[PDB]
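There are 2 protein chains.
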Amino acid sequence: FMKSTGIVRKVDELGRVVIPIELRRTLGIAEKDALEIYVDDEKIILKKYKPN
Amino acid sequence: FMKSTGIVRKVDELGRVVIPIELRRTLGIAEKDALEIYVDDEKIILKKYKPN
Numbered sequence: 192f193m194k195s196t197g198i199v200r201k202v203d204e205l206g207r208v209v210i211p212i213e214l215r216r217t218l219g220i221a222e223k224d225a226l227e228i229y230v231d232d233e234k235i236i237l238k239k240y241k242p243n
Numbered sequence: 192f193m194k195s196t197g198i199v200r201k202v203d204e205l206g207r208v209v210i211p212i213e214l215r216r217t218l219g220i221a222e223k224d225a226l227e228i229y230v231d232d233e234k235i236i237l238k239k240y241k242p243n
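Chains A and B, in that order, give the protein sequences.
When we follow the numbering used here, the leftmost residue of the first sequence carries the number 192, and every step to the right adds one.
When we follow the numbering used here, the leftmost residue of the second sequence carries the number 192, and every step to the right adds one.
Following this line, the structure appears as structure tokens:
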């Protein structure tokens, strides 16, 4: 099976979610960087964005 | 089996991402609701939160 952090956050007015700082560092993501958003099985997959 | 939406958003100061309103409605998510966050393969999986 796959292990997940299992951490939940409250949805703000715009419907946005925050990545834990531990994942900000491990994912190599910083302010002004670009994120790409995926949709599968009613779940959202977010990953670093590679320009095309 | 399914293709992702392929939509990208800019990261704000806190490192947060926004779900498209089309997904807010399909996912049944609203302000003050709880989201659970997963981590796998360097990708983040967010889904509705159903506490035990």
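Idealized CB from N, CA, C, for every residue including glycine.
Asked: How far does the alpha helix (DSSP H) with B/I235 in it extend, from its first residue to its last?; Found: Element bounds for B/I235: not the alpha helix (DSSP H) but the beta strand (DSSP E), 234-239.
Asked: When you compare the region 192-199 of chain B with the region 218-231 of chain A, are there three or more beta-carbon pairs, one atom per stretch, that lie closer than 8 Å?; Found: yes
Asked: Considering B/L214, what are the terminal residues of the alpha helix (DSSP H) in which it resides?; Found: 212-217
Asked: Are A/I210 and B/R207 close, meaning C-beta to C-beta below 9 Å?; Found: yes
Asked: For B/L205, does the count of other Cβ atoms within 10 angstroms reach 16, so buried, or fall short, so exposed?; Found: exposed
Asked: So, are the CB atoms of B/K239 and B/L218 less than 9 Å apart?; Found: yes
Asked: What is the DSSP secondary structure of B/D203, counted as helix, strand or coil?; Found: coil
Asked: For A/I236, is the classification buried or exposed, using 16 other Cβ atoms within 10 angstroms of its Cβ as the cut-off for buried?; Found: buried
Asked: Under a CB-based cut-off of 9 Å, is B/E204 close to chain C?; Found: As a matter of chain content, chain C is missing from the structure shown, whose protein chains are A and B.
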